Amino acid sequence: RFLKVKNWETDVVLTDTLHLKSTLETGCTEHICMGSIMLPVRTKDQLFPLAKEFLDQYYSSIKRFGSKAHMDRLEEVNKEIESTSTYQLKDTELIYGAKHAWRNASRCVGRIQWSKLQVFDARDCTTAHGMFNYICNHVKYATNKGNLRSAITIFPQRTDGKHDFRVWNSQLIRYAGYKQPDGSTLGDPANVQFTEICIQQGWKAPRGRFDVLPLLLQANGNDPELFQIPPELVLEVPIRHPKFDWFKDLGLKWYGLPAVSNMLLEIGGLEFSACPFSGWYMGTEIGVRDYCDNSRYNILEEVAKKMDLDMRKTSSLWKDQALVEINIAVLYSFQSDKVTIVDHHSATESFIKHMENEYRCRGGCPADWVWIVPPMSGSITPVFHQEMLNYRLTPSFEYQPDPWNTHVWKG
Amino acid sequence: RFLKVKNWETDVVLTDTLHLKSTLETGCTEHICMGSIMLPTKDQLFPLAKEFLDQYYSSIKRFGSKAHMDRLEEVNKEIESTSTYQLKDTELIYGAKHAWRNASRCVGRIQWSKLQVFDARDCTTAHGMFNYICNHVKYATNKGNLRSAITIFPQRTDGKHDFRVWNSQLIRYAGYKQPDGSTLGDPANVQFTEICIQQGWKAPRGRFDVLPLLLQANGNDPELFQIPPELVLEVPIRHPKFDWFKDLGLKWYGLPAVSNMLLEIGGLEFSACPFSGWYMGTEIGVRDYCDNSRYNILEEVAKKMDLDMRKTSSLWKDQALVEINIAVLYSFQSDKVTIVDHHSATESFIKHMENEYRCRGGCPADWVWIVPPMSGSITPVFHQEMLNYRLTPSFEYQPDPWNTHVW
Ligand code: HEM
Ligand code: HEM
Ligand SMILES: C[C@H](O)[C@H](O)[C@H]1CNc2nc(N)[nH]c(=O)c2N1
Ligand SMILES: C[C@H](O)[C@H](O)[C@H]1CNc2nc(N)[nH]c(=O)c2N1
Ligand SMILES: NC(=[NH2+])NCCC[C@H](N)C(=O)O
Ligand SMILES: NC(=[NH2+])NCCC[C@H](N)C(=O)O
Ligand SMILES: [Zn+2]
């Protein structure tokens, strides 16, 4: 069953066959689309089949499908699973796995870079201090003095679900958020809950508007431990505008390395609950969402004032005018300081090329339009005009519940 | 069964039960989401009429009354007899209003109950259609104080006697393919602009030439008619700061009137049902003016603004986009022609969603179409989870007539 997607701006039509290999569910039915919904211990029984599908894809990728090496690997894993109820991936398989989870991430517009992922194998890690060390190395390698490199660090996989490794932070680097008694929020509102947990764990909060949070790391199902990332390892960019000299006076800045650290990486049935990964920012992430979401730093009003914009009536599009400026400032500041960053026009054009390539060389490219289209200037980016098919392939990156909601504290 | 949708900016959570009354398909499956795809018998008829009549009577608090049973029986007999049926006026009006109520891609539905319905089922010729359409346009335009309306021509019978408005909108600008290879006017209408000529229209070959109506009645071939210019309200586009803006030579019409859709009520198909409301600014400023395959005007505007168009990262396209859309809203307002900005419109939709959830148990909505084409996340709908599903009565797409007509 073939399926075609059309780009209404170029009339280019593509045919998708890859969706046929999709096994997981979407959340949608023939009766309802849940396309805009944010979030719509395994058994030996269910493990080997997942393992075989993976190994089959892996061996095909290296052109050794059906070889003796392939067959022996299946036999070996089968035995190991029956013998230990789980199995260990070879280094080669882990790298292939991690790269494909990124390749299969439908919400990611930066996937044209998927094959260049640097994979750090932290499966020999046993303690939080060990985790802290791997994480520091990942940040230094990835930051590369501003010339960012994509990377992922993979800690030991889940076993019985009672010895999980977890990074409690949502990103390796992020700013604290503090709820004030007058109801206002100091810092980043998105991290208030986590910030409270850190303080409760012993962190001495400096209580400023841009305090880098400490790492709260959990190894082998133990209680999480706090660690401060060496400041010299955290690259930050002061935000200023190329034409407005007062912009710098807003005292804004952001970190250069975006590193999601709360997702779960699934490979051949195995679950890697601590798999922090990083790339580089697309401007709008900071400029539109982190700075202008009403629930984030919410700086639109203050910026519009300084610009002396008609804020009497929305139809003056004062919000839209200020948004552009703020986004111009983010891109400008990063570029001046030579910290890697990509604007939405450039990133989306690249994704379209990546997508076309994938259809031609792979038979498709699962993509989530709701997420792919930038939060500003939607239709002036090619992705808006591009029809997309969203479906779940493994290996994959999945959401998981915040650990403070599931953790059995030991004291 | 009972689905919940959350607004991530306000934490407000709504529970959707209305979807349980969904009847049509979405194009999606448990294995694949096609949410961004633009276009995913007497025995057949009676159940549909029944479903409709039941909701109709339920709506008037006479569910299961004699009147209900009676009407049900009457239509039933009429169908078994005529193989079809006719809606009472009350039912026609309710059907049309609800078709708008159920249009998941429309962000202006808070106005659904105020729809003026013009019953043109007694129409029989293209001239007749032209007359009905002129009246609709004048009524809806109302000197700039726009009023929503829909005119409903005769329903389908055998499919060989269909009424159809060939234009895609009652009022639209012509598009001509020049030797240069480039396109003059509106590229979206290059083709239709040709079928008119292939029919006799004397194209003034301009940038904003109001197209002619090409009307099809009872199945016969379509005819051309020039809408009285005094009936076409237009707005000269100028900027409230860039005097050079007016120089751009831009203008647009004030009445958006989709004319190529099909209205389905109780199984009955109305293939010619033009309807109009009023514009949301971005429709013109972002889509019509800046789409690459439309009037594609960003470069010129950026130029005049003297912006650094060397690097995409200077965001000249975005800056220009903003100014343009400022000018559309400014013009319309200055000429007292109804128009709504995407901020005000989206705020209204959120309120409408809430009302709909509490008074009806839900509101089918297509996020991909609801979120405006610019400044997405600074509008509230961006942060609003939505459930898309098909409820009837509804407005459906249908093949362009020139790809089905047997001259
Ligand atoms: C090279 C630079 C990269 C760019 C420019 C890029 C861009 C983006 C953007 C703009 C988003 C949406 C983020 C949001 O709205 O919160 C995103 C999402 C995503 N990306 Fe990428 N990305 C990059 C690298 C990576 C890497 C290295 C991985 C994985 C190995 C990855 C995995 C994902 C996933 C799984 C999501 C969805 C996360 C969620 O659901 O919250 N990306 N990316
Ligand atoms: C009163 C003012 C109204 C406003 C502000 C409004 C706004 C909008 C907007 C912004 C769109 C998207 C247009 C596009 O992208 O092409 C839309 C679509 C739609 N609206 Fe409304 N609308 C209004 C009245 C109407 C009326 C009166 C009806 C029908 C009775 C209606 C039916 C629909 C339908 C069926 C669609 C989707 C059409 C398609 O698929 O191309 N709208 N509306
Ligand atoms: C409710 C809606 O799904 C939600 O606000 C989505 C929309 N698109 C998005 N797109 C990206 N890239 N990131 C997001 O966080 C979101 N949020
Ligand atoms: C391919 C994609 O579905 C297409 O470009 C959609 C996106 N969202 C839209 N939203 C609205 N309101 N109108 C449109 O025409 C579209 N086009
Ligand atoms: N380009 C990326 N790798 N993004 C990861 C998500 C970062 C998140 N959206 C932020 O604004 O901090
Ligand atoms: N507001 C409306 N009723 N719009 C109907 C569709 C009009 C179309 N989007 C246009 O720009 O011409
Ligand atoms: Zn769907």
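Another aspect to go through is the coordination of the iron atom of ligand 2. Protein coordination of the iron atom of ligand 2 is limited to a single donor, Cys106(B) (SG), which sits 2.4 Å from the metal. Considering the arrangement of structural elements, one finds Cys106(B) in the loop between helix 3 (89–101) and strand 3 (116–119).

Residues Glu25(A), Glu30(A), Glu25(B) and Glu30(B) make up a contiguous surface patch of negative charge. Structurally, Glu30(B) can be placed in the loop between strand 2 (13–16) and helix 1 (42–59).

All names here are of chain B. Across the interface, helix 7 (residues 281–290) lies against helix 9 (residues 316–334) with an axial gap of 9 Å and an inter-helix angle of 130°. As judged from the angle between their axes, helix 7 and helix 9 are oblique. The two elements helix 7 and helix 9 cross, and the hand of that crossing is right-handed. Note on element contacts: helix 9 touches helix 7 through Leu321, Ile324, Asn325, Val328, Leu329 and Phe332, opposite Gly281, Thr282, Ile284, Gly285, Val286, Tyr289 and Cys290.

A word on the site of ligand 5. Residue and element names in this part refer to chain A. Around ligand 5, the neighbouring residues are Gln171, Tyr255, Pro258, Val260, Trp280, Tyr281, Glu285 and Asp290. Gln171 has a polar side-chain atom sitting 3.0 Å from an oxygen atom of ligand 5. A distance of 2.6 Å separates an oxygen atom of ligand 5 from a polar atom in the side chain of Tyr281. Protein coverage of the free-state accessible area of ligand 5, which is 360 Å², stands at 72%. Of the residues belonging to the shell around ligand 5, the class tally is 5 nonpolar, 1 polar and 2 charged.

Counting residues at the interface gives 64 residues for chain A and 62 residues for chain B. Overall, the association of chain A and chain B removes approximately 5,200 Å² of surface from exposure, summing both partners, and the carbon and sulfur fraction of that is 61%. Together, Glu30(A), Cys33(A) and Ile380(A) form the three largest contributors to the area buried by chain A at its contact with chain B, with a combined 11%. Here chain A and chain B share 0 salt bridges between them. The tally of links from chain A across to chain B stands at 30 residue pairs in polar contact. Those elements that provide at least two residues to the side of chain A that touches chain B are strand 1 (3–6), helix 6 (283–292), helix 8 (318–336), helix 9 (344–362) and helix 10 (369–372) of chain A. Ranked by residue count, the leading element in the side of chain A that touches chain B is helix 8 of chain A, at 10 residues. Among the residues making up the side of chain A that touches chain B, the classes are represented as 28 nonpolar, 25 polar and 11 charged.

Now for the domain arrangement of chain B. Residue and element names in this part refer to chain B. For chain B, the assigned domains read domain 1 (16–121 + 148–158 + 262–276 + 346–370), domain 2 (122–147 + 162–233 + 397–401) and domain 3 (234–256 + 279–344). Here the C-alpha centroids of domain 1 and domain 3 sit 36 Å apart. Taken residue by residue, the interface counts 6 residues in domain 1 and 6 residues in domain 3. Of the roughly 410 Å² buried between domain 1 and domain 3 on both sides combined, carbon and sulfur atoms contribute 44%. For the interface between domain 1 and domain 3, the tally reads 0 salt bridges. Our count for the domain 1 to domain 3 interface comes out at 6 residue pairs in polar contact. Contributions of two or more residues to the side of domain 1 that touches domain 3 are made by strand 14 (275–276) and helix 10 (342–360).

In this section: the state of the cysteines. All names here are of chain B. What the rule picks out here adds up to 0 disulfides over all chains. Here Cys134 is not cross-linked by a disulfide; its sulfur's nearest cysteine counterpart is in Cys123, at 12 Å. Of all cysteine sulfurs in the structure, the one in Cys106 sits closest to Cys273, which takes part in no disulfide; the separation is 14 Å. Accessibility expressed as a relative area gives 1% for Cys273, which makes it buried.

Calculation rules
- We count residues from 1 along each chain, following the written sequence rather than the entry's numbering, and we skip any residue without coordinates.
- The lettering of chains begins at A and the numbering of ligands begins at 1, in the order of writing.
- Side-chain measures here rest on the full set of heavy atoms in the structure, leaving out hydrogens and waters.
- Coordination here is defined by N, O and S atoms within 2.8 Å of the metal (3.2 Å for Na, K and Ca), and since water is not considered, a site can look incomplete.
- The helix and strand labels rest on DSSP assignments: H or I over at least four residues marks a helix, E over at least two residues marks a strand, and numbering proceeds from the N terminus.
- Patch membership requires more than 30% relative accessible area and the absence of a salt bridge. Residues of like charge join within 9 Å; the nonpolar side chains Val, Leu, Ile, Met, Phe, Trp and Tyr join within 5 Å.
- All accessible areas in this document rest on Shrake-Rupley with a 1.4 Å probe, and a residue is counted as covered only by the protein chains that are shown.
- Take a side-chain nitrogen of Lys or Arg and a carboxyl oxygen of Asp or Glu: if they are within 4 Å of each other, that pair is a salt bridge.
- Under this rule, positive means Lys or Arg and negative means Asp or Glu; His and the chain ends count for nothing.
- One atom stands in for each charge, and that atom is NZ of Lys, CZ of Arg, CG of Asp or CD of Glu.
- Axis definition: a line fit to C-alpha positions, over the contact stretch in the case of helices; interaxial angles, taken between N-to-C directions, run 0 to 180 degrees.
- Throughout this description, any angle smaller than 35 degrees is read as roughly parallel, any larger than 145 degrees as roughly antiparallel, any in the 65 to 115 degree range as roughly perpendicular, and the remainder as oblique.
- By definition, any crossing whose near helix is turned counterclockwise from its far helix by less than a right angle is left-handed, and any crossing with a clockwise turn is right-handed.
- Contact between two residues is taken to exist if any of their heavy atoms lie within 4.5 Å; hydrogens are not considered.
- We call a residue near a molecule or strand whenever a single non-hydrogen atom of that residue lies within 4 Å of it.
- For this analysis, a polar contact is any N or O atom pair within 3.5 Å, provided that within protein one partner can donate a hydrogen and the other can accept it, and provided that sequence-adjacent residues contribute only side-chain to side-chain pairs.
- Each residue is assigned to one class: nonpolar for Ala, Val, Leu, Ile, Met, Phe, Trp, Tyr, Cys and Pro, charged for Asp, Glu, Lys and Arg, and polar for all the others, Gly among them.
- As a working definition, buried area equals the accessible area (1.4 Å probe) given up by two parts on being put together, with both sides summed.
- Start and end points for every domain follow an automatic or database-based domain assignment.
- For the purposes of this analysis, a disulfide is any pair of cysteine sulfur atoms at a distance within 2.5 Å.
- When a residue's accessible area, from a 1.4 Å probe over protein chains only, is under 20% of the maximum for its type it is buried; when over 50% it is exposed; and in between it is partly exposed.

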